[PDB]
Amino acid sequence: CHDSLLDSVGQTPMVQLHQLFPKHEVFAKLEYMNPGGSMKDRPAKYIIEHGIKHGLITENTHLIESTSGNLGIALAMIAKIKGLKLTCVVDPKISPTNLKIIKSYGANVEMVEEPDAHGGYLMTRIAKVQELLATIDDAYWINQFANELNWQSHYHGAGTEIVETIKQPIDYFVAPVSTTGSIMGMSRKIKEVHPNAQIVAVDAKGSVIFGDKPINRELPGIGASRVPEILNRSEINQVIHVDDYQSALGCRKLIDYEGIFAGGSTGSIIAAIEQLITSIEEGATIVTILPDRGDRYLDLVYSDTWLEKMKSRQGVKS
């Protein structure tokens, strides 16, 4: 019996993917089963509650972040529960579904209209966040790419739950990246108990997080157009890049073999573990996380016509 929905954040299920990985012990943490629908419930709850506890955030404090995705939805839920104003800075590319969910939770949306000269809205949204911090008195910037509380939420969140459940040695921990909060915080907790666990980052082809050559990327959730301040690269032992097509095939294989309907970055994870398995020992124990549901990828991954277009994008292999 809970007093709030907040009490059901965390303690997410762990499954073994027996059918998909018959020659390894692969455990998936179902972070998408958080009450808000994604893993971002963890940093949204943790960051806001920490700020309230330490007097940085009061009922009068206006929360700000540039996000069009899962973190915007999570922040909107937590802000509504706590009685806090929230403004999400977004751009015209936001999916109508996410926009409507964020607005349904009563958050404000500040949509930038001016692309930079070469078509992106990235620098425009960075600037808009600073404008709001200049003009809205009593504000708190979630600051997802630099806030230590992001990775700390994952250290105390799924990272702690993983090492309590998977007490046998963890040979590989595999996570997708955007802010790198998840892989930093979870790997830090895992390696306290399993110091020899290898930490494998999965990124989108074209993401600049690990210096890849930028290409047009369709899938949200995985990859970034900046190097996050949160990232400490010496803590990453292997980096696997996956393209949109590969990722989508991974999602479709996971639902076919296991009946788990997960989002794009989970497909990236599946593709990456299939690559990893060609080099590692049979029987290895691999832990990963499934951040969100397939539901908002119906016109991406789960669309056959989109899939065919992504197949055509594989450069020379197309």
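When you see a residue number, it is the position in the sequence shown, counting from 1.
Per-stretch averaging of Cα B factors for 197-205 and 160-168 places 160-168 on top. As the entry records it, the average C-alpha temperature factor is higher for 122-130, out of 244-252 and 122-130.
Among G83, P115, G185, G221, the highest C-alpha B-factor recorded in the PDB entry belongs to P115. The top Cα temperature factor in the record, among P176, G181, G72, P92, falls on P92.
Among the modelled residues of its chain, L276 has a C-alpha B-factor that falls in the middle third, as given in the PDB entry.
Ranked within its chain, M111 lands in the highest third, by CA B factor from the PDB record.
Per the deposited record, the Cα B-factor of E31 falls in the middle third when ranked against the other modelled residues of its chain. When the CA B factors of the chain's modelled residues are split into thirds, the value for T67 lands in the middle one. Residue-level temperature factors show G37 in the middle third of its chain, judged at the C-alpha atom.
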